[PDB]
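> Below you'll find the structure I mean.
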Amino acid sequence: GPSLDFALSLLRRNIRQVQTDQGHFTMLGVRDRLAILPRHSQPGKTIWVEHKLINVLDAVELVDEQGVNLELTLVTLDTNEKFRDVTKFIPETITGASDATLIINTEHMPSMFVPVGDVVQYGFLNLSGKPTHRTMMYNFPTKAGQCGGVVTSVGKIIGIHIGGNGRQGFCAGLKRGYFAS
């Protein structure tokens, strides 16, 4: 079906299993050699991607216009070829959704689909003693090991999972402008 094929195609073409020194994460490749990680993955000069070590050419820990953490790291990778460009599926402004699917892809949780439900604008979040802006929330008890997971709804890629508190899950909202050249 259309939504199942979209999620499965994202898994195949854009959503990679990675390892850093901080463990297992999911990584969305967005276009060209640009990918996005949760900040707390703390990528070094190399990152394990699926089956090989990939050099990290740049890493930008994103902050807002007031300098508050957004809990996202934008990595430029020394990859052979370009990621299929999925920027057109990312909204221009941080937008919630109804009945979203969270897509996890690590060695421990490969090709995993999680029905998180409605995703709403949340804003400020204190995540592990790191204040964070531009978050959205879902009332779903997500678990450890799901950071970097891709929040999706009806052909839209809206957020990257950054944590939870046992009853709720939180993502960093995505804006298309983060990925402009």
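Labels used: A, B, ... for chains in the order of the structure tokens, numbers from 1 for residues in each chain, and numbers from 1 for ligands as shown.
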Find the spatial neighbours of range 44-47 of chain A, counting only C-alpha atoms, within a cut-off of 9 Å - ignore same-chain residues fewer than 6 positions away - and output them as a PyMOL selection string.

chain A and resi 18-21+53-59+77

> Pull C-alpha atoms from the residues just selected and write them as a compact mmCIF listing (two decimals), in the first residue's frame.


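Dumped to part.txt:
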```txt
# COMPACT_ATOMS: atom_id res chain seq x y z
CA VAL A 18 24.81 3.30 12.81
CA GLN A 19 27.18 2.95 15.75
CA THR A 20 29.17 5.62 17.59
CA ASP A 21 31.11 5.41 20.85
CA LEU A 53 33.42 2.79 8.79
CA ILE A 54 32.66 6.16 7.11
CA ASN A 55 34.74 9.32 7.67
CA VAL A 56 32.86 12.32 9.09
CA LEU A 57 33.95 15.48 7.18
CA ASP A 58 31.84 17.89 9.28
CA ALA A 59 29.48 17.83 12.23
CA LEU A 77 29.96 12.04 5.26
```

> Pick out the residues sitting within 12 Å of residue 95 in chain A, and hand them over as a ChimeraX atom specification; count only C-alpha atoms, and ignore anything fewer than 2 positions along from it in its own chain.

/A:89-93,97-98,100,118-123,134-137,151-153,156-159,171-176

> Export N, CA, C and O atoms of the chosen residues as a short mmCIF file (atom, residue, chain, number, x, y, z; two decimals), in the first residue's frame?


```cif
data_model
loop_
_atom_site.label_atom_id
_atom_site.label_comp_id
_atom_site.auth_asym_id
_atom_site.auth_seq_id
_atom_site.Cartn_x
_atom_site.Cartn_y
_atom_site.Cartn_z
N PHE A 89 9.86 16.10 1.32
CA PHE A 89 8.94 15.47 2.29
C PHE A 89 9.08 16.08 3.68
O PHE A 89 8.27 15.76 4.55
N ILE A 90 10.04 16.99 3.86
CA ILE A 90 10.25 17.64 5.15
C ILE A 90 9.50 18.97 5.10
O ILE A 90 9.75 19.77 4.19
N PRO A 91 8.66 19.28 6.11
CA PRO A 91 7.93 20.55 6.10
C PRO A 91 8.83 21.76 6.28
O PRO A 91 9.90 21.64 6.84
N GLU A 92 8.33 22.91 5.83
CA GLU A 92 9.06 24.17 5.95
C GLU A 92 9.06 24.69 7.39
O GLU A 92 10.01 25.39 7.79
N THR A 93 7.99 24.42 8.13
CA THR A 93 7.91 24.79 9.53
C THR A 93 7.65 23.54 10.34
O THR A 93 7.14 22.54 9.83
N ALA A 97 1.50 16.02 13.44
CA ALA A 97 0.75 15.17 12.55
C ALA A 97 -0.19 14.28 13.35
O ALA A 97 -0.01 14.09 14.54
N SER A 98 -1.17 13.71 12.65
CA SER A 98 -2.03 12.69 13.22
C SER A 98 -1.49 11.30 12.89
O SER A 98 -0.98 11.06 11.79
N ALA A 100 1.08 9.22 13.56
CA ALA A 100 2.42 9.03 12.98
C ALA A 100 2.97 7.62 13.25
O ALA A 100 2.58 6.92 14.20
N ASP A 118 -0.71 10.57 17.59
CA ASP A 118 -0.64 11.98 17.27
C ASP A 118 0.65 12.58 17.83
O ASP A 118 1.05 12.25 18.95
N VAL A 119 1.26 13.48 17.05
CA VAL A 119 2.48 14.18 17.41
C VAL A 119 2.12 15.65 17.52
O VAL A 119 1.63 16.18 16.55
N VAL A 120 2.39 16.30 18.66
CA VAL A 120 2.01 17.69 18.86
C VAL A 120 3.23 18.55 19.15
O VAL A 120 4.22 18.10 19.70
N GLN A 121 3.10 19.84 18.82
CA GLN A 121 4.04 20.88 19.17
C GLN A 121 4.21 20.89 20.68
O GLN A 121 3.21 20.84 21.39
N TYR A 122 5.47 20.87 21.15
CA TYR A 122 5.78 20.85 22.57
C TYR A 122 6.67 22.03 22.96
O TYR A 122 6.36 22.78 23.89
N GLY A 123 7.80 22.17 22.28
CA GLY A 123 8.71 23.28 22.47
C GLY A 123 9.86 22.90 23.40
O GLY A 123 10.68 22.06 23.06
N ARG A 134 12.21 23.37 20.20
CA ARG A 134 11.62 22.88 18.96
C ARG A 134 11.28 21.39 18.97
O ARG A 134 11.27 20.75 17.91
N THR A 135 10.90 20.90 20.16
CA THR A 135 10.51 19.51 20.30
C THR A 135 9.03 19.34 20.02
O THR A 135 8.22 20.29 20.07
N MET A 136 8.70 18.11 19.63
CA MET A 136 7.32 17.65 19.59
C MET A 136 7.18 16.39 20.44
O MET A 136 8.16 15.70 20.75
N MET A 137 5.94 16.08 20.79
CA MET A 137 5.66 15.06 21.78
C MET A 137 4.65 14.06 21.23
O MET A 137 3.71 14.41 20.52
N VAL A 151 10.27 10.07 12.60
CA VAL A 151 8.84 10.26 12.76
C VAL A 151 8.23 10.67 11.41
O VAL A 151 8.63 11.70 10.83
N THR A 152 7.27 9.88 10.92
CA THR A 152 6.68 10.00 9.59
C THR A 152 5.14 9.93 9.66
O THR A 152 4.59 9.25 10.51
N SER A 153 4.47 10.64 8.74
CA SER A 153 2.99 10.62 8.59
C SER A 153 2.58 11.03 7.18
O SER A 153 2.83 12.17 6.80
N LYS A 156 5.26 12.58 4.80
CA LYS A 156 5.95 13.68 5.46
C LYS A 156 6.92 13.13 6.50
O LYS A 156 6.60 12.17 7.23
N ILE A 157 8.12 13.72 6.57
CA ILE A 157 9.18 13.36 7.51
C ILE A 157 9.29 14.53 8.48
O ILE A 157 9.73 15.58 8.05
N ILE A 158 8.86 14.37 9.73
CA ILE A 158 8.56 15.53 10.56
C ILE A 158 9.48 15.67 11.77
O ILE A 158 9.52 16.74 12.37
N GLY A 159 10.19 14.61 12.16
CA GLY A 159 11.01 14.72 13.35
C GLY A 159 11.95 13.53 13.50
O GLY A 159 11.81 12.54 12.81
N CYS A 171 10.49 14.10 19.92
CA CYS A 171 11.38 14.31 18.79
C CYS A 171 11.84 15.76 18.68
O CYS A 171 11.13 16.67 19.07
N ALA A 172 13.03 15.94 18.10
CA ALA A 172 13.42 17.21 17.50
C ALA A 172 12.65 17.41 16.19
O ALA A 172 12.69 16.53 15.31
N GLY A 173 11.89 18.51 16.11
CA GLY A 173 11.21 18.82 14.86
C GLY A 173 12.17 19.11 13.69
O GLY A 173 13.26 19.66 13.89
N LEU A 174 11.80 18.64 12.49
CA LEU A 174 12.56 18.96 11.28
C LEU A 174 11.93 20.12 10.48
O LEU A 174 10.70 20.19 10.31
N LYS A 175 12.79 21.04 10.02
CA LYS A 175 12.45 22.09 9.06
C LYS A 175 13.32 21.88 7.83
O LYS A 175 14.50 21.55 7.93
N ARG A 176 12.73 22.08 6.64
CA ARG A 176 13.45 21.91 5.37
C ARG A 176 14.67 22.82 5.31
O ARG A 176 15.70 22.42 4.77
#
```

> Could you check the closest approach to residue 52 in chain A for each of A:85, A:99, A:78, A:71 and tell me which residue wins, using only C-alpha atoms?

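The shortest atom-to-atom distance to residue 52 in chain A comes from A:78.
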
> Can you tell me, as a ChimeraX atom specification, which residues in chain A count as alpha helix (DSSP H) by DSSP?

/A:2-13

> Near residue 31 in chain A, within 9 Å and counting only C-alpha atoms, which residues show up once chain neighbours fewer than 5 positions away are dropped, as a PyMOL selection string?

chain A and resi 14+82-87+179

> Quick one: write out the picked residues with N, CA and C atoms as an mmCIF file, in the first residue's frame?


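Result written to out.cif:
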```cif
data_model
loop_
_atom_site.group_PDB
_atom_site.id
_atom_site.type_symbol
_atom_site.label_atom_id
_atom_site.label_comp_id
_atom_site.auth_asym_id
_atom_site.auth_seq_id
_atom_site.Cartn_x
_atom_site.Cartn_y
_atom_site.Cartn_z
ATOM 1 N N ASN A 14 17.171 5.516 2.722
ATOM 2 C CA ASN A 14 17.559 6.679 3.507
ATOM 3 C C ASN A 14 17.848 6.437 4.987
ATOM 4 N N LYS A 82 25.451 9.832 -3.412
ATOM 5 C CA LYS A 82 24.461 10.708 -2.803
ATOM 6 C C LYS A 82 23.258 9.934 -2.255
ATOM 7 N N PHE A 83 22.703 10.411 -1.131
ATOM 8 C CA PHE A 83 21.418 9.920 -0.641
ATOM 9 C C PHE A 83 20.311 10.392 -1.583
ATOM 10 N N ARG A 84 19.292 9.544 -1.837
ATOM 11 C CA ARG A 84 18.088 10.021 -2.500
ATOM 12 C C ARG A 84 17.570 11.231 -1.720
ATOM 13 N N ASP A 85 17.298 12.335 -2.446
ATOM 14 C CA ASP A 85 16.941 13.598 -1.812
ATOM 15 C C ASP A 85 15.487 13.509 -1.298
ATOM 16 N N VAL A 86 15.304 13.568 0.030
ATOM 17 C CA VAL A 86 13.978 13.507 0.647
ATOM 18 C C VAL A 86 13.627 14.856 1.277
ATOM 19 N N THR A 87 14.314 15.949 0.896
ATOM 20 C CA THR A 87 13.961 17.250 1.479
ATOM 21 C C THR A 87 12.544 17.708 1.126
ATOM 22 N N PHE A 179 18.442 21.903 5.832
ATOM 23 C CA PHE A 179 19.143 21.125 4.826
ATOM 24 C C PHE A 179 19.366 21.915 3.543
#
```
